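Quick note, the sequences are listed as chains B and E, same order.
147 is the number that the entry's author numbering gives the last residue of the first sequence; the numbers go up by one with no jumps.
195 is the number that the entry's author numbering gives the last residue of the second sequence; the numbers go up by one with no jumps.
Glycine included, C-beta positions come from ideal geometry on N, C-alpha and C.
To keep things clear, I will list the structure first and then write my remarks on it.
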Amino acid sequence: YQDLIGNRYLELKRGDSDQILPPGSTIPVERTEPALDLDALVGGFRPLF
Amino acid sequence: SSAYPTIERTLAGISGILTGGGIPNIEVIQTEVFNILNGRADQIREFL
């Protein structure tokens, strides 16, 4: 999230390995994660309440 | 140097607990516990 209005951004974390990723590669879905997904959070409160 | 958790990270952790934690089961568990304890507290005490 960038703000509570709806703007997002991409965030890159270096990791641990020193092997350089060659340019033009692809980062697999194994190490990519989405944003908050506020509707899931709000709907998860339903069983508790 | 450090950083406070954002509202996004906090709500993401809460949502992770709420979705991957089996929250719906609670509304069953408690319900059945109610059925155990409805009108039988004195009798459970004397049974003890």
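Check this for me: beta carbons of residue i and residue j, under 9 Å apart or not?
{"i": "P145/B", "j": "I176/E", "result": "no"}
{"i": "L139/B", "j": "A159/E", "result": "yes"}
{"i": "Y99/B", "j": "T157/E", "result": "no"}
{"i": "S162/E", "j": "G142/B", "result": "yes"}
{"i": "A133/B", "j": "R112/B", "result": "no"}
Note the first and the last residue of the continuous alpha helix (DSSP H) segment covering residue i.
{"i": "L165/E", "result": "154–167"}
{"i": "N182/E", "result": "171–184"}
{"i": "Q100/B", "result": "Run containing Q100/B: none; DSSP gives neither H nor E here."}
{"i": "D189/E", "result": "188–194"}
{"i": "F143/B", "result": "136–146"}
Taking the alpha-carbon of residue i as reference, which of the options has the nearest alpha-carbon?
{"i": "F147/B", "options": "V180/E, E179/E, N172/E, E155/E", "result": "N172/E"}
{"i": "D135/B", "options": "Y151/E, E155/E, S148/E, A150/E", "result": "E155/E"}
Flag residue i as yes when its Cβ comes closer than 8 Å to any non-hydrogen atom of the ligand FMN, and as no otherwise.
{"i": "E128/B", "result": "This structure lacks the ligand FMN; in fact it carries no ligand of any kind."}
Check the Cβ of residue i against every Cβ in chain D and list those closer than 9 Å, keeping chain order.
{"i": "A150/E", "result": "Absent from the structure: chain D. Protein chains present are B and E."}
Open item on the list: Check whether the stretch 180–194 of chain E and the stretch 159–166 of chain E are in contact - that is, three or more C-beta pairs closer than 8 Å.
Closed with: Of all C-beta pairs linking the stretch 180–194 of chain E to the stretch 159–166 of chain E, fewer than three are shorter than 8 Å, placing the two stretches out of contact.
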